[PDB]
2 protein chains.
Amino acid sequence: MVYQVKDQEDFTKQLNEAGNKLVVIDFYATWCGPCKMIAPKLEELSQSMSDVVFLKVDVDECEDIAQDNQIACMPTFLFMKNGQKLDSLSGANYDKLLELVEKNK
Amino acid sequence: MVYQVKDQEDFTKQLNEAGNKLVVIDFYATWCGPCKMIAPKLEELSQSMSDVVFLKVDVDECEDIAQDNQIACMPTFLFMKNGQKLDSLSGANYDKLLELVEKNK
């Protein structure tokens with residue numbers, strides 16, 4: 001399950017509800033080709049890894065959140081734990097995504 | 001001055017208006033930091049070179065144009081001349097941008 005963040009309020013709530021778990025946030029746009037290519041693999045990963053929280057943020061609807069995290073390349077994956085940034089990944093590199101999840105879980 | 005493309009029809013109109021000139025199209029988003037840092041450099045370039053036309057497209061307002069040009073990284077520069085795509089540049093690399101202009105103007 002990859003929950004779609006509705007706004008800044010909702011974003012804070014989900015980070016709290018994550019508890020101590022690694023949070024992976026996917027910043028994407030519906031007009032971006034590599035976003036749509038990686039999205040199914042992220043959804044599959046989230047179904048298996050109940051120990052990691054997966055979130056996604058449509059930058060067209062949450063431009064404020066986008067602005068807050070200095071997005072550039074898309075998709076961008078942000079890794080967070082207890083509300084604190086651990087790492088960042090730009091682009092749809094599934095293997096690098098897996099290493100960062102492995103390192104930071 | 002750098003003209004903001006309003007829609008797909010307006011984009012064709014601006015490409016026609018450029019005539020034989022090189023056209024540099026900046027795809028950007030208002031929430032993107034690197035886009036804002038380089039926007040003033042582009043305006044200066046736009047003022048100073050009369051053999052190049054500079055356009056910009058807000059990807060949150062023309063999502064159709066961003067999808068049709070496979071934008072992935074903000075900002076992205078597209079270089080066109082006589083309706084033909086010549087080059088692309090991803091990111092706010094001003095020197096590469098300048099080089100690509102000198103090469104294609």
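Heavy-atom basis, side chains included; hydrogens, waters and symmetry copies ignored. To find a chain, count down the sequence lines: A is the first, B the second, and so on, and within it residues start at 1.
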Engineer: Near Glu9(A) CD, under 6.0 Å, is it more than 12 heavy atoms from other residues, nucleotides or ligands?
Structural biologist: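 Above 12, so yes.
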
Engineer: Can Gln14(A) and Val53(A) be said to form a side-chain contact (heavy atoms from CB on, under 4.5 Å), step by step?
Structural biologist: CA-CA 9 Å; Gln14(A) 305 300 325; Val53(A) 173; 5.8 Å; no

Engineer: Could you tell me the separation between the OG1 atom of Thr30(B) and the CE atom of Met74(B), rounded to the nearest 0.5 Å?
Structural biologist: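 Between atom OG1 of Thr30(B) and atom CE of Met74(B) there are 10.5 Å.
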
Engineer: CD of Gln70(B): more than 12 outside heavy atoms within 6.0 angstrom?
Structural biologist: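 Atom CD in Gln70(B) is not packed in, count stays at 12 or less.
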
Engineer: If you measure from CG on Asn69(B) to CE on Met80(B), what distance do you get to the nearest 0.5 Å?
Structural biologist: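 Result: 8.0 Å between the selected atoms.
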
Engineer: Which residues satisfy the side-chain hydrogen bond (donor to acceptor under 3.5 Å, both in side chains) test with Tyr3(A), sequence neighbours excluded?
Structural biologist: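 For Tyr3(A), the residues satisfying side-chain hydrogen bond (donor to acceptor under 3.5 Å, both in side chains) (neighbours in sequence not counted) are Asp10(A).
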
Engineer: Kindly indicate whether the side chain of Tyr94(B), heavy atoms from C-beta on, has any atom under 4.5 Å from the side chain of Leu42(B).
Structural biologist: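 Of all side-chain heavy-atom pairs linking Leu42(B) with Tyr94(B), none is under 4.5 Å.
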
Engineer: Pairs in or reaching into residues 47-59 of chain A: which pass salt bridge (charged side-chain N to carboxylate O under 4.0 Å, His left out), with residues at least two apart or in two chains?
Structural biologist: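 Salt bridge (charged side-chain N to carboxylate O under 4.0 Å, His left out) check on residues 47-59 of chain A returns no pairs.
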
Engineer: Any side-chain donor-acceptor pair under 3.5 Å between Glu43(B) and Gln47(B)?
Structural biologist: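 No, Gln47(B) and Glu43(B) have no side-chain donor paired with an acceptor closer than 3.5 Å.
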
Engineer: Are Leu45(A) and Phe79(A) connected, step by step, through hydrophobic side chains (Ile, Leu, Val, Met, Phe, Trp, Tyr) whose heavy atoms are closer than 4.5 Å?
Structural biologist: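 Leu45(A) and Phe79(A): one cluster.
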
Engineer: So, are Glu99(A) and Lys96(A) salt-bridged, with charged N and O less than 4.0 Å apart?
Structural biologist: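 No, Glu99(A) and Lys96(A) are not salt-bridged.
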
Engineer: Determine whether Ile38(A) and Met49(A) fall in the same hydrophobic cluster, where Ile, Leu, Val, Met, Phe, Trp and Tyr are linked whenever their side-chain heavy atoms lie under 4.5 Å apart.
Structural biologist: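 Yes, because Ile38(A) and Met49(A) connect within a single hydrophobic cluster, where side-chain heavy atoms sit under 4.5 Å apart.
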
Engineer: Output the distance between atom SG (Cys62(A)) and atom NZ (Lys6(A)), rounded to the nearest 0.5 Å.
Structural biologist: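 So the gap between those two atoms works out to 11.0 Å.
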
Engineer: Mark yes when over 12 heavy atoms from residues, nucleotides or ligands other than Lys105(B) sit less than 6.0 Å from its NZ; otherwise mark no.
Structural biologist: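 No.
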
Engineer: With a 4.5 Å heavy-atom cut-off, do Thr76(B) and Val59(B) have their side chains touching?
Structural biologist: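 No, their side chains stay 4.5 Å or more apart.
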
Engineer: Do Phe77(B) and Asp87(B) have side-chain heavy atoms sitting under 4.5 Å apart?
Structural biologist: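 When only atoms from C-beta onward are counted, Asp87(B) and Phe77(B) do not touch, as no gap falls below 4.5 Å.
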
Engineer: Search all heavy atoms of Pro34(B) against all heavy atoms of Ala92(B) and return the closest pair with its distance.
Structural biologist: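 Smallest interatomic distance, heavy atoms only, reads O-CB, 4.1 Å.
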
Engineer: What about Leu78(B) and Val2(B), same hydrophobic cluster or not, with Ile/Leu/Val/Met/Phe/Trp/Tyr joined at side-chain heavy-atom distances under 4.5 Å?
Structural biologist: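 Different clusters: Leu78(B) never reaches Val2(B) through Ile, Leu, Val, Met, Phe, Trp or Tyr contacts under 4.5 Å.
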
Engineer: If I take atom CG from residue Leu89(B) and atom CG from residue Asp95(B), how far apart are they, to the nearest 0.5 angstrom?
Structural biologist: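 Here the interatomic distance stands at 10.5 Å.
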
Engineer: Might you point out which heavy atoms bring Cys73(A) and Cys73(B) nearest each other, and give the distance in Å?
Structural biologist: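 For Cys73(A) and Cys73(B), the tightest heavy-atom pair comes out as SG-CB, 3.4 Å.
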
Engineer: Are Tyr28(B) and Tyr28(A) linked, directly or through intermediate hydrophobic residues, by side-chain heavy-atom contacts shorter than 4.5 Å (ILVMFWY only)?
Structural biologist: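 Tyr28(A) does not cluster with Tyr28(B).
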
Engineer: Taking C-beta and beyond as the side chain, do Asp68(A) and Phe11(A) meet within less than 4.5 Å on heavy atoms?
Structural biologist: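 No - every pair of side-chain heavy atoms lies 4.5 Å or more apart.
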
Engineer: Ignoring hydrogens and geometry, is there a side-chain-to-backbone donor-acceptor pair from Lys21(B) to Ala18(B) under 3.5 Å?
Structural biologist: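 Not at all, since once roles are kept as given, no pair shorter than 3.5 Å links the two residues.
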
Engineer: Looking at side-chain heavy atoms only, is the closest gap between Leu86(B) and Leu100(B) below 4.5 Å?
Structural biologist: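 No - every pair of side-chain heavy atoms lies 4.5 Å or more apart.
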
Engineer: How many angstroms lie between atom CD1 of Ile71(A) and atom SG of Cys32(B), to the nearest 0.5 angstrom?
Structural biologist: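 Separation between the atoms: 9.0 Å.
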
Engineer: Show the numbers, then the answer: is there a side-chain contact (heavy atoms from CB on, under 4.5 Å) between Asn93(A) and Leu97(A)?
Structural biologist: CA-CA 6 Å; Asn93(A) 201 311; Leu97(A) 176 59; over 6 Å; no

Engineer: Can you confirm whether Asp26(A) sits close enough to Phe54(A) that some side-chain heavy atom of one is under 4.5 Å from a side-chain heavy atom of the other?
Structural biologist: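 No, every pair of side-chain atoms sits at 4.5 Å or beyond.
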
Engineer: Identify whether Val57(A) and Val23(A) are in the same connected component of the hydrophobic contact network (ILVMFWY, side-chain heavy atoms under 4.5 Å).
Structural biologist: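 Same cluster: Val57(A) reaches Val23(A) through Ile, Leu, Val, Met, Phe, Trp or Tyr contacts under 4.5 Å.
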
Engineer: For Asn20(B), does its backbone N or O pair with a side-chain atom of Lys81(B) as donor and acceptor, under 3.5 Å?
Structural biologist: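 Flag set: sc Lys81(B) to bb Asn20(B) pair under 3.5 Å.
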
Engineer: Run the numbers on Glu44(A) and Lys41(A) for salt bridge (charged side-chain N to carboxylate O under 4.0 Å, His left out), then give the verdict.
Structural biologist: CA-CA 5 Å; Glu44(A) 298 167 4; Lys41(A) 320 305 289 180; 3.5 Å; yes

Engineer: Within the 4.5 Å heavy-atom criterion, are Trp31(A) and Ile65(B) side-chain neighbours or not?
Structural biologist: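 No. Closest side-chain heavy atoms not under 4.5 Å.
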
Engineer: Decide yes or no for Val52(B) and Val24(B): does some side-chain heavy atom of the first lie under 4.5 Å from some side-chain heavy atom of the second?
Structural biologist: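 The answer is yes, as the side chains (C-beta and beyond) meet within the 4.5 Å cut-off.
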
Engineer: If you round to the nearest 0.5 Å, how far is CG of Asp60(A) from CD of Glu61(B)?
Structural biologist: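 Here the interatomic distance stands at 8.5 Å.
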
